[PDB]
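Take a look at this one chain, the form deposited in one PDB entry, written out in structure tokens.
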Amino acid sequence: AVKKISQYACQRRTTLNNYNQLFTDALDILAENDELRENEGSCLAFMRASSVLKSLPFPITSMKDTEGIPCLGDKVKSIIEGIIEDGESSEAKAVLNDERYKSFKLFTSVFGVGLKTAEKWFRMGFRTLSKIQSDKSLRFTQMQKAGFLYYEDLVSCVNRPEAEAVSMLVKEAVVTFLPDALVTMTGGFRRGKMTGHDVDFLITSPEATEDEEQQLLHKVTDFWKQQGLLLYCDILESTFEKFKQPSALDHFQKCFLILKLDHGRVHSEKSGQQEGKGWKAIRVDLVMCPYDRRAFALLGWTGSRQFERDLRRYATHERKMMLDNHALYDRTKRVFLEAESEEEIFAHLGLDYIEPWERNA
């Protein structure tokens, strides 16, 4: 009954009602393992397979249900077969018991710790965070110190009442210095997610001067420092150049923060909870972009990561276009394509518009 399924996430509608979580959770574990081991192509195969299954409006209950579904190779179909058999993946279970996997997941869960540092610590014989933190020869970056100091709060995922409380704080701070500014919550929460590892925002101003737009993130973070809310701050100045071709991280001015979010600012509706210290450390990402690039930045920062990947792949292989967070370039017409909305980008790409809550690829 269902229409042909595209190999591209940007040509699929993926809502949060996942009927194939048994399969997807196992494929996500297998993808994450090849990623920490730096096997791009094998991880890529599991990510694409996981992504297609998330788009299905029904659960896979037999191998005949896998017919006509793209991105399901022989290796992926044997994993599906094993899960149909007893409800569990022996392959994912072996990864979960692997010493490298456990250590890499554990070490990279620390803010300021990436693949290189996790690898360094694993090859040194470390297996637990307790032994890393208490070691006398190791030296930590200021990001890693914050990562270890606020670890429990940061490893606890942010919920919607918390994200909304942060949105109010961001909007009140930004409107203080730029009353004409547009503040949009991006990331997972824009896609309708109930949790996240952080909260993301896109800030833009139609009438700000070059200086007002450069100074805004400094004014907002200083305002929070004065109030004692800024636990961690790292502001990356713009490396954005208007005429370079779109050919990881974008070049806009941005900041990676840890905010002290007072529980009193959260409208939780939840009762029976224990207040403890009365606040929670929340990872917050702010992006400032020039007004004319607002649609590309919004598309880039809304995600999901797989939706973004397939958008760029589709643009390259199907349209001979170059897309990133700053622009869209048409290699045939030899012209940069302008957009005032996400809808105009989809139209330029010849794609049916996919709503933010349908981008959960």
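Note that residue numbering follows the sequence shown and begins at 1. Rigid core here is just the name for the largest C-alpha set that superposes within 1.5 Å across the two forms.
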Among the other entries that model both neighbours of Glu275, does it go unmodelled in a third or more?
yes
Could you bin the unmodelled part of the deposited chain lying between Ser247 and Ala248 as none, 1 to 3, 4 to 9, or 10 or more?
4 to 9
Check the entry's C-alpha temperature factors for 205-213 and 106-114, then say which stretch has the higher mean.
205-213
Selected stretch [higher average CA B-factor]: 299-307 or 313-321
313-321
Per the deposited B-factor column, the C-alpha that peaks among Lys225, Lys219, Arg191, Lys171 belongs to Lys225
Out of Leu286, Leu231, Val95, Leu72, residue topping the C-alpha B-factor column of the entry:
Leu72
How does the C-alpha B factor of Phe126 compare with the rest of the chain: lowest, middle or highest third?
middle
What third of its chain, lowest, middle or highest, does the C-alpha temperature factor of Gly276 fall into?
highest
Consider only the C-alpha atoms of the modelled residues in this chain, order them by B-factor as the entry records it, and name the third containing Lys260: lowest, middle or highest.
middle
The third of the chain into which the C-alpha temperature factor of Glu119 falls is the middle
Compared with the other modelled residues in the chain, in which third is the CA B-factor of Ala165?
middle
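The protein also exists as the form deposited in another entry; that form is not presented, and the subsequent description refers to it.
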Given a rigid core superposition of the two forms, which one of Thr195, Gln142, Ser78, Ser130 has its CA shift by 2 angstroms or more between the shown form and the other one?
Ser130
Tell me, please, whether between the shown form and the other one the C-alpha of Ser103 is shifted by 2 Å or more, with the rigid core used for superposition.
yes
Once the core is aligned, does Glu35 move its Cα by at least 2 Å between the shown form and the other one?
yes
Indicate whether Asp285 shows a C-alpha shift of 2 Å or more between the shown form and the other one, with the rigid core used for the fit.
no
With a difference of at least 3 Å, the CA distance of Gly41 and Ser78 in the other form shows the atoms closer
Note whether the distance between the C-alpha atoms of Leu30 and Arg37 decreases (closer) or increases (farther) in the other form, against the displayed form; the change is 3 Å or more.
closer
